[PDB]
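Reproduced below: structure_9.cif, with mmCIF, C-alpha atoms and all ligand atoms.
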data_query
loop_
_atom_site.label_atom_id
_atom_site.label_comp_id
_atom_site.auth_asym_id
_atom_site.auth_seq_id
_atom_site.Cartn_x
_atom_site.Cartn_y
_atom_site.Cartn_z
CA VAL X 3 19.90 9.36 13.33
CA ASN X 4 16.97 8.38 11.12
CA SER X 5 13.34 7.23 11.67
CA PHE X 6 13.72 3.52 10.77
CA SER X 7 12.45 1.53 13.77
CA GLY X 8 12.62 -2.06 14.93
CA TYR X 9 15.48 -3.21 12.69
CA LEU X 10 18.10 -5.79 13.62
CA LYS X 11 21.63 -4.56 12.86
CA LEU X 12 23.57 -7.06 10.74
CA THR X 13 26.69 -5.01 9.98
CA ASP X 14 27.98 -1.47 10.20
CA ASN X 15 25.61 -0.44 7.39
CA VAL X 16 23.02 -3.24 6.81
CA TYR X 17 19.78 -3.51 8.85
CA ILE X 18 16.90 -5.99 8.50
CA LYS X 19 13.25 -6.25 9.59
CA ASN X 20 10.27 -8.54 9.02
CA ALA X 21 8.01 -6.00 7.34
CA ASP X 22 5.84 -5.27 4.33
CA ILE X 23 7.91 -2.78 2.34
CA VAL X 24 4.72 -0.98 1.26
CA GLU X 25 3.65 -0.34 4.85
CA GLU X 26 7.23 0.52 5.86
CA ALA X 27 7.47 3.08 3.06
CA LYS X 28 4.11 4.64 3.91
CA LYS X 29 5.17 5.02 7.56
CA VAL X 30 8.74 6.20 7.09
CA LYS X 31 8.44 8.10 3.78
CA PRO X 32 12.14 7.41 3.12
CA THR X 33 14.19 9.44 0.68
CA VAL X 34 14.64 6.28 -1.44
CA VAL X 35 12.56 3.11 -1.70
CA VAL X 36 13.99 0.39 -3.93
CA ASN X 37 11.69 -1.44 -6.33
CA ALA X 38 12.40 -5.01 -7.50
CA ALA X 39 11.96 -4.00 -11.13
CA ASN X 40 12.24 -5.77 -14.46
CA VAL X 41 13.83 -4.24 -17.56
CA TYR X 42 10.44 -3.18 -18.96
CA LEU X 43 9.29 -1.61 -15.69
CA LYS X 44 6.15 -3.74 -15.89
CA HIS X 45 5.13 -3.79 -12.23
CA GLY X 46 2.86 -6.81 -12.29
CA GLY X 47 3.61 -8.81 -9.17
CA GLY X 48 5.92 -9.38 -6.27
CA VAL X 49 7.32 -6.26 -4.64
CA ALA X 50 6.83 -4.23 -7.82
CA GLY X 51 3.16 -5.11 -8.15
CA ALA X 52 2.54 -4.20 -4.51
CA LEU X 53 4.43 -0.90 -4.66
CA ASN X 54 2.64 0.06 -7.86
CA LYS X 55 -0.77 -0.88 -6.43
CA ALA X 56 -0.07 1.34 -3.41
CA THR X 57 0.50 4.29 -5.84
CA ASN X 58 -2.89 3.67 -7.50
CA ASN X 59 -1.00 2.76 -10.73
CA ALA X 60 0.79 6.14 -10.91
CA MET X 61 4.13 4.30 -10.75
CA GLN X 62 3.16 2.28 -13.85
CA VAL X 63 2.00 5.37 -15.77
CA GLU X 64 5.29 7.15 -15.04
CA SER X 65 7.25 4.00 -15.88
CA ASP X 66 5.54 3.55 -19.25
CA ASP X 67 6.54 7.09 -20.23
CA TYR X 68 10.12 6.38 -19.07
CA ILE X 69 10.34 3.25 -21.25
CA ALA X 70 8.76 4.97 -24.25
CA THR X 71 11.50 7.62 -24.05
CA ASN X 72 14.54 5.57 -22.98
CA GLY X 73 13.89 1.92 -23.81
CA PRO X 74 14.41 -0.97 -21.39
CA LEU X 75 16.85 -1.03 -18.52
CA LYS X 76 19.76 -3.47 -18.38
CA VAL X 77 19.70 -6.47 -16.07
CA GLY X 78 21.86 -5.19 -13.19
CA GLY X 79 20.86 -1.59 -13.95
CA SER X 80 18.55 0.97 -12.43
CA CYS X 81 16.75 4.25 -12.85
CA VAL X 82 15.52 6.89 -10.40
CA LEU X 83 11.85 7.84 -10.71
CA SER X 84 9.30 9.39 -8.38
CA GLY X 85 8.47 7.74 -5.07
CA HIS X 86 4.87 8.95 -5.41
CA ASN X 87 3.05 8.62 -2.05
CA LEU X 88 5.62 6.14 -0.71
CA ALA X 89 9.00 7.93 -0.73
CA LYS X 90 10.71 10.93 -2.27
CA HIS X 91 12.28 8.73 -4.96
CA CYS X 92 11.96 5.16 -6.16
CA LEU X 93 15.17 3.48 -7.30
CA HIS X 94 14.00 0.80 -9.75
CA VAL X 95 16.72 -1.88 -9.69
CA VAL X 96 16.74 -4.94 -11.96
CA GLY X 97 18.21 -8.01 -10.30
CA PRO X 98 18.69 -11.13 -12.45
CA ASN X 99 15.51 -13.29 -12.72
CA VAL X 100 16.58 -16.93 -12.33
CA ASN X 101 13.23 -18.07 -13.73
CA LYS X 102 14.28 -16.33 -16.98
CA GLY X 103 17.75 -17.92 -16.99
CA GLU X 104 19.53 -14.67 -16.13
CA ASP X 105 23.09 -14.75 -14.81
CA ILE X 106 23.08 -14.69 -11.01
CA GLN X 107 26.50 -12.98 -11.17
CA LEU X 108 24.62 -9.76 -12.16
CA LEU X 109 23.19 -9.60 -8.63
CA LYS X 110 26.35 -7.83 -7.44
CA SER X 111 26.02 -5.25 -10.23
CA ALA X 112 22.38 -4.72 -9.22
CA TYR X 113 23.31 -4.02 -5.59
CA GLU X 114 26.06 -1.59 -6.67
CA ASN X 115 23.29 0.82 -7.68
CA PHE X 116 22.47 1.23 -3.98
CA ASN X 117 25.87 2.88 -3.39
CA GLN X 118 24.68 6.01 -5.22
CA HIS X 119 22.25 6.72 -2.33
CA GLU X 120 23.22 7.43 1.27
CA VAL X 121 20.18 5.67 2.81
CA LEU X 122 17.64 3.28 1.26
CA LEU X 123 14.65 1.14 2.20
CA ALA X 124 14.90 -1.99 0.06
CA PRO X 125 13.85 -5.60 -0.56
CA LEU X 126 16.32 -8.41 -1.15
CA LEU X 127 17.12 -8.26 -4.85
CA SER X 128 16.31 -11.30 -6.98
CA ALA X 129 14.39 -12.92 -4.08
CA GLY X 130 10.72 -13.85 -4.19
CA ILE X 131 9.38 -14.42 -7.69
CA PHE X 132 12.80 -13.61 -9.19
CA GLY X 133 13.86 -17.08 -8.06
CA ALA X 134 17.23 -16.55 -6.36
CA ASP X 135 18.21 -17.86 -2.93
CA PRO X 136 17.45 -15.03 -0.45
CA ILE X 137 20.32 -16.14 1.80
CA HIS X 138 22.66 -15.56 -1.13
CA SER X 139 21.02 -12.22 -1.92
CA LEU X 140 21.59 -11.05 1.65
CA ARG X 141 25.26 -12.09 1.48
CA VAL X 142 25.78 -10.18 -1.78
CA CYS X 143 24.01 -7.16 -0.28
CA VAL X 144 26.28 -7.12 2.78
CA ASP X 145 29.41 -7.62 0.67
CA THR X 146 28.47 -4.98 -1.96
CA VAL X 147 26.43 -2.15 -0.44
CA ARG X 148 28.45 0.38 1.57
CA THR X 149 25.66 2.93 2.12
CA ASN X 150 22.99 2.49 4.78
CA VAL X 151 20.39 -0.06 3.72
CA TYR X 152 17.24 -1.02 5.61
CA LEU X 153 16.00 -4.38 4.28
CA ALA X 154 12.32 -5.30 4.56
CA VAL X 155 11.55 -9.03 4.39
CA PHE X 156 7.84 -9.78 3.98
CA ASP X 157 7.88 -13.46 4.98
CA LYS X 158 8.40 -14.07 8.71
CA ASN X 159 9.72 -17.61 8.30
CA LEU X 160 12.25 -16.35 5.76
CA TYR X 161 13.23 -13.42 7.98
CA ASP X 162 13.96 -15.79 10.87
CA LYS X 163 16.01 -18.05 8.59
CA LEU X 164 17.99 -15.10 7.22
CA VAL X 165 18.86 -13.88 10.71
CA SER X 166 19.62 -17.30 12.18
CA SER X 167 21.88 -18.25 9.26
CA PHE X 168 23.67 -14.91 8.95
CA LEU X 169 27.43 -15.16 9.15
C1 LIG N 201 -0.36 -4.62 0.55
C2 LIG N 201 1.14 -4.72 0.74
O1 LIG N 201 1.45 -5.83 1.52
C3 LIG N 201 2.29 -6.76 1.02
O2 LIG N 201 2.74 -6.64 -0.12
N1 LIG N 201 2.64 -7.82 1.80
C4 LIG N 201 3.48 -8.84 1.34
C5 LIG N 201 3.07 -10.15 1.01
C6 LIG N 201 4.00 -11.12 0.54
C7 LIG N 201 5.34 -10.81 0.38
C8 LIG N 201 5.81 -9.53 0.69
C9 LIG N 201 4.85 -8.61 1.15
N2 LIG N 201 5.51 -7.36 1.41
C10 LIG N 201 6.86 -7.56 1.09
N3 LIG N 201 7.76 -6.51 1.24
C11 LIG N 201 9.00 -6.95 0.88
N4 LIG N 201 9.34 -8.19 0.43
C12 LIG N 201 8.38 -9.14 0.32
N5 LIG N 201 8.74 -10.39 -0.13
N6 LIG N 201 9.94 -10.80 -0.47
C13 LIG N 201 10.50 -10.59 -1.85
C14 LIG N 201 11.96 -11.12 -1.78
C15 LIG N 201 12.15 -11.69 -0.39
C16 LIG N 201 10.89 -11.42 0.38
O3 LIG N 201 10.72 -11.70 1.54
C17 LIG N 201 7.06 -8.89 0.65
CL CL N 202 8.33 -11.61 -4.41
#

Show me, as C-alpha cells, the structure contained in the file I just sent.
Ligand SMILES: CCOC(=O)Nc1cccc2c1[nH]c1ncnc(NN3CCCC3=O)c12
Ligand SMILES: [Cl-]
Amino acid sequence: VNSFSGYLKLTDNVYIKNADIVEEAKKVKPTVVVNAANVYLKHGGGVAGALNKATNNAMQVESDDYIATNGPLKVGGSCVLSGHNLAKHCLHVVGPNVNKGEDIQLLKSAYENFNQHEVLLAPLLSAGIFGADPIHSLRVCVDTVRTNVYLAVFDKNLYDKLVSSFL
C-alpha cells in the first residue's frame, strides 16, 4: 500500500490521474518524481519549468553543477538528483523532442529508466511541448515500464481521451 489517491488503474502496474504533477508531488512527497528533462537540464518550460519553479530554482542550480561536472545527458537517458521540496529524488529523464527532430524510437529507452525505481510519480514522456502523441507515449509506458508508475496528466481533456482510448 502507498499514499497515491484517486488514480484509475490501467494495468497491473500503471495508474493514471488528471493532476498537476507539482501539486501531486507536494502532497504525496513520493520517493521519486520524474522530470521531463532535456539533455542540458535547462528547466525552462513544460513540466520541467513548473517543477523547477516549485523548488524556487534550486533544481536548476543543482542541475547546472551536474552538467558542469558530467556534460549533457543522452536522449533516452536519465540521472538521479535531489527531489528538493517535492520528493526524495528527482529522476530527470530525457524523452525524444519531436520538435527537434529526435527519433521517437528513443521513447522506449527513456521509459526503461523507470524500471530502476520500484515506484514513481511521472508525466507522460515526450508529451506536451516535446511534441509526441500522448496516446503513443502512454502505450509505450504500459509496454515498457514494469515497476509501479503513477502518471499525472495536467490537461483534463487529454486525460479523458487517454482513458477512453486505452486498449
Ligand atoms: C503550478 C503548477 O501547476 C501546473 O504546472 N499546472 C499545469 C498546467 C499545464 C500543464 C500541466 C500542468 N501540470 C502538469 N503536470 C503534468 N503534466 C502536465 N502536462 N502534460 C505534459 C505531457 C502531457 C500532459 O498532460 C501538466
Ligand atoms: Cl508540456

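Shortest separation to ligand CL 202 (chain N) among X:30, X:24, X:49, X:12 occurs at residue X:49, atoms counted being only C-alpha atoms and all ligand atoms.
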
List all protein, DNA and RNA residues that have any atom at most 7 Å from ligand LIG 201 (chain N), counting all atoms listed in the file, and write the list as a PyMOL selection string.
-> chain X and resi 21-25+48-49+52+125-130+136+154-157+160

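Shortest separation to residue 115 of chain X among X:99, X:37, X:72, X:167 occurs at residue X:37, atoms counted being only C-alpha atoms.
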
Using only C-alpha atoms, which residues sit within 6 Å of residue 109 of chain X once same-chain residues fewer than 3 positions away are excluded, as a ChimeraX atom specification?
-> /X:97,106,112

Any idea what's packed within 12 Å of residue 110 of chain X, counting all atoms listed in the file, ignoring anything in its chain fewer than 4 positions away? Could you give it as a PDB file with C-alpha atoms, in the frame of the given file?
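Just written: part-v8.pdb:
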ATOM      1  CA  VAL X  77      19.700  -6.470 -16.070  1.00  0.00           C
ATOM      2  CA  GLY X  78      21.860  -5.190 -13.190  1.00  0.00           C
ATOM      3  CA  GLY X  79      20.860  -1.590 -13.950  1.00  0.00           C
ATOM      4  CA  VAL X  95      16.720  -1.880  -9.690  1.00  0.00           C
ATOM      5  CA  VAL X  96      16.740  -4.940 -11.960  1.00  0.00           C
ATOM      6  CA  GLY X  97      18.210  -8.010 -10.300  1.00  0.00           C
ATOM      7  CA  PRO X  98      18.690 -11.130 -12.450  1.00  0.00           C
ATOM      8  CA  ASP X 105      23.090 -14.750 -14.810  1.00  0.00           C
ATOM      9  CA  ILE X 106      23.080 -14.690 -11.010  1.00  0.00           C
ATOM     10  CA  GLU X 114      26.060  -1.590  -6.670  1.00  0.00           C
ATOM     11  CA  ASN X 115      23.290   0.820  -7.680  1.00  0.00           C
ATOM     12  CA  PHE X 116      22.470   1.230  -3.980  1.00  0.00           C
ATOM     13  CA  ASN X 117      25.870   2.880  -3.390  1.00  0.00           C
ATOM     14  CA  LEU X 126      16.320  -8.410  -1.150  1.00  0.00           C
ATOM     15  CA  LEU X 127      17.120  -8.260  -4.850  1.00  0.00           C
ATOM     16  CA  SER X 128      16.310 -11.300  -6.980  1.00  0.00           C
ATOM     17  CA  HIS X 138      22.660 -15.560  -1.130  1.00  0.00           C
ATOM     18  CA  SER X 139      21.020 -12.220  -1.920  1.00  0.00           C
ATOM     19  CA  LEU X 140      21.590 -11.050   1.650  1.00  0.00           C
ATOM     20  CA  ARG X 141      25.260 -12.090   1.480  1.00  0.00           C
ATOM     21  CA  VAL X 142      25.780 -10.180  -1.780  1.00  0.00           C
ATOM     22  CA  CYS X 143      24.010  -7.160  -0.280  1.00  0.00           C
ATOM     23  CA  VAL X 144      26.280  -7.120   2.780  1.00  0.00           C
ATOM     24  CA  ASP X 145      29.410  -7.620   0.670  1.00  0.00           C
ATOM     25  CA  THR X 146      28.470  -4.980  -1.960  1.00  0.00           C
ATOM     26  CA  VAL X 147      26.430  -2.150  -0.440  1.00  0.00           C
TER      27      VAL X 147
END

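Of the listed residues X:43, X:60, X:131, X:153, the one whose atoms come nearest to ligand CL 202 (chain N) is X:131, with distances taken using only C-alpha atoms and all ligand atoms.
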
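Between ligand CL 202 (chain N) and the residues X:135, X:6, X:88, X:123, the shortest atom-to-atom distance, using all atoms listed in the file, involves X:135.
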
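Residue nearest ligand CL 202 (chain N), chosen from X:18, X:61, X:10, X:39 and counting all atoms listed in the file: X:39.
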
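Candidate residues X:93, X:134, X:53, X:122 were compared for distance to residue 108 of chain X, and the nearest is X:134, using all atoms listed in the file.
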
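Here atom CA of residue 41 of chain X is placed at a distance of 5.1 Å from atom CA of residue 74 of chain X.
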
Incomplete segment 138-160 of chain X filled out to N, CA, C and O atoms as a PDB file, keeping the file's coordinate frame:
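Okay, this is what ended up in result.pdb:
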ATOM      1  N   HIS X 138      21.614 -16.061  -0.257  1.00  0.00           N
ATOM      2  CA  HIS X 138      22.660 -15.560  -1.130  1.00  0.00           C
ATOM      3  C   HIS X 138      22.483 -14.070  -1.417  1.00  0.00           C
ATOM      4  O   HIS X 138      23.457 -13.306  -1.421  1.00  0.00           O
ATOM      5  N   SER X 139      21.247 -13.639  -1.665  1.00  0.00           N
ATOM      6  CA  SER X 139      21.020 -12.220  -1.920  1.00  0.00           C
ATOM      7  C   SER X 139      21.461 -11.366  -0.745  1.00  0.00           C
ATOM      8  O   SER X 139      22.068 -10.306  -0.934  1.00  0.00           O
ATOM      9  N   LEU X 140      21.168 -11.808   0.476  1.00  0.00           N
ATOM     10  CA  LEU X 140      21.590 -11.050   1.650  1.00  0.00           C
ATOM     11  C   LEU X 140      23.111 -10.981   1.736  1.00  0.00           C
ATOM     12  O   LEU X 140      23.671  -9.927   2.062  1.00  0.00           O
ATOM     13  N   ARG X 141      23.799 -12.091   1.444  1.00  0.00           N
ATOM     14  CA  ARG X 141      25.260 -12.090   1.480  1.00  0.00           C
ATOM     15  C   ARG X 141      25.823 -11.099   0.465  1.00  0.00           C
ATOM     16  O   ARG X 141      26.720 -10.313   0.782  1.00  0.00           O
ATOM     17  N   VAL X 142      25.312 -11.126  -0.769  1.00  0.00           N
ATOM     18  CA  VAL X 142      25.780 -10.180  -1.780  1.00  0.00           C
ATOM     19  C   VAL X 142      25.508  -8.748  -1.338  1.00  0.00           C
ATOM     20  O   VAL X 142      26.352  -7.860  -1.504  1.00  0.00           O
ATOM     21  N   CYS X 143      24.327  -8.498  -0.776  1.00  0.00           N
ATOM     22  CA  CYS X 143      24.010  -7.160  -0.280  1.00  0.00           C
ATOM     23  C   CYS X 143      25.069  -6.690   0.717  1.00  0.00           C
ATOM     24  O   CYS X 143      25.646  -5.609   0.577  1.00  0.00           O
ATOM     25  N   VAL X 144      25.335  -7.503   1.735  1.00  0.00           N
ATOM     26  CA  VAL X 144      26.280  -7.120   2.780  1.00  0.00           C
ATOM     27  C   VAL X 144      27.672  -6.898   2.222  1.00  0.00           C
ATOM     28  O   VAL X 144      28.411  -6.022   2.692  1.00  0.00           O
ATOM     29  N   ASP X 145      28.073  -7.702   1.242  1.00  0.00           N
ATOM     30  CA  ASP X 145      29.410  -7.620   0.670  1.00  0.00           C
ATOM     31  C   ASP X 145      29.535  -6.592  -0.455  1.00  0.00           C
ATOM     32  O   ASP X 145      30.635  -6.417  -0.989  1.00  0.00           O
ATOM     33  N   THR X 146      28.453  -5.921  -0.834  1.00  0.00           N
ATOM     34  CA  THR X 146      28.470  -4.980  -1.960  1.00  0.00           C
ATOM     35  C   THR X 146      28.037  -3.577  -1.570  1.00  0.00           C
ATOM     36  O   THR X 146      28.660  -2.600  -2.000  1.00  0.00           O
ATOM     37  N   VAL X 147      26.966  -3.448  -0.803  1.00  0.00           N
ATOM     38  CA  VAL X 147      26.430  -2.150  -0.440  1.00  0.00           C
ATOM     39  C   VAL X 147      27.247  -1.585   0.717  1.00  0.00           C
ATOM     40  O   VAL X 147      27.471  -2.263   1.729  1.00  0.00           O
ATOM     41  N   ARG X 148      27.691  -0.341   0.560  1.00  0.00           N
ATOM     42  CA  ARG X 148      28.450   0.380   1.570  1.00  0.00           C
ATOM     43  C   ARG X 148      27.646   1.511   2.205  1.00  0.00           C
ATOM     44  O   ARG X 148      28.011   1.989   3.283  1.00  0.00           O
ATOM     45  N   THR X 149      26.566   1.936   1.562  1.00  0.00           N
ATOM     46  CA  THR X 149      25.660   2.930   2.120  1.00  0.00           C
ATOM     47  C   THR X 149      24.685   2.233   3.060  1.00  0.00           C
ATOM     48  O   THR X 149      24.726   1.012   3.254  1.00  0.00           O
ATOM     49  N   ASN X 150      23.839   3.018   3.708  1.00  0.00           N
ATOM     50  CA  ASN X 150      22.990   2.490   4.780  1.00  0.00           C
ATOM     51  C   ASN X 150      21.705   1.933   4.193  1.00  0.00           C
ATOM     52  O   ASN X 150      20.891   2.674   3.626  1.00  0.00           O
ATOM     53  N   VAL X 151      21.522   0.628   4.326  1.00  0.00           N
ATOM     54  CA  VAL X 151      20.390  -0.060   3.720  1.00  0.00           C
ATOM     55  C   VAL X 151      19.564  -0.739   4.804  1.00  0.00           C
ATOM     56  O   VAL X 151      20.091  -1.452   5.672  1.00  0.00           O
ATOM     57  N   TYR X 152      18.260  -0.480   4.730  1.00  0.00           N
ATOM     58  CA  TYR X 152      17.240  -1.020   5.610  1.00  0.00           C
ATOM     59  C   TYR X 152      16.419  -2.013   4.789  1.00  0.00           C
ATOM     60  O   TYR X 152      15.660  -1.613   3.894  1.00  0.00           O
ATOM     61  N   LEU X 153      16.623  -3.303   5.036  1.00  0.00           N
ATOM     62  CA  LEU X 153      16.000  -4.380   4.280  1.00  0.00           C
ATOM     63  C   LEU X 153      14.695  -4.808   4.933  1.00  0.00           C
ATOM     64  O   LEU X 153      14.672  -5.163   6.118  1.00  0.00           O
ATOM     65  N   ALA X 154      13.627  -4.819   4.140  1.00  0.00           N
ATOM     66  CA  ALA X 154      12.320  -5.300   4.560  1.00  0.00           C
ATOM     67  C   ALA X 154      12.083  -6.672   3.949  1.00  0.00           C
ATOM     68  O   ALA X 154      12.142  -6.828   2.724  1.00  0.00           O
ATOM     69  N   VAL X 155      11.816  -7.658   4.800  1.00  0.00           N
ATOM     70  CA  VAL X 155      11.550  -9.030   4.390  1.00  0.00           C
ATOM     71  C   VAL X 155      10.111  -9.346   4.758  1.00  0.00           C
ATOM     72  O   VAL X 155       9.762  -9.349   5.943  1.00  0.00           O
ATOM     73  N   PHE X 156       9.273  -9.598   3.748  1.00  0.00           N
ATOM     74  CA  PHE X 156       7.840  -9.780   3.980  1.00  0.00           C
ATOM     75  C   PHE X 156       7.540 -11.046   4.777  1.00  0.00           C
ATOM     76  O   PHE X 156       6.691 -11.034   5.679  1.00  0.00           O
ATOM     77  N   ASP X 157       8.206 -12.145   4.445  1.00  0.00           N
ATOM     78  CA  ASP X 157       7.880 -13.460   4.980  1.00  0.00           C
ATOM     79  C   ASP X 157       8.595 -13.670   6.317  1.00  0.00           C
ATOM     80  O   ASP X 157       9.829 -13.618   6.382  1.00  0.00           O
ATOM     81  N   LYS X 158       7.818 -13.926   7.378  1.00  0.00           N
ATOM     82  CA  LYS X 158       8.400 -14.070   8.710  1.00  0.00           C
ATOM     83  C   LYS X 158       9.308 -15.292   8.798  1.00  0.00           C
ATOM     84  O   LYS X 158      10.404 -15.218   9.368  1.00  0.00           O
ATOM     85  N   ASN X 159       8.866 -16.432   8.262  1.00  0.00           N
ATOM     86  CA  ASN X 159       9.720 -17.610   8.300  1.00  0.00           C
ATOM     87  C   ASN X 159      11.042 -17.363   7.595  1.00  0.00           C
ATOM     88  O   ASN X 159      12.102 -17.783   8.076  1.00  0.00           O
ATOM     89  N   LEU X 160      11.005 -16.675   6.455  1.00  0.00           N
ATOM     90  CA  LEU X 160      12.250 -16.350   5.760  1.00  0.00           C
ATOM     91  C   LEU X 160      13.098 -15.393   6.579  1.00  0.00           C
ATOM     92  O   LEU X 160      14.318 -15.571   6.678  1.00  0.00           O
TER      93      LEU X 160
END
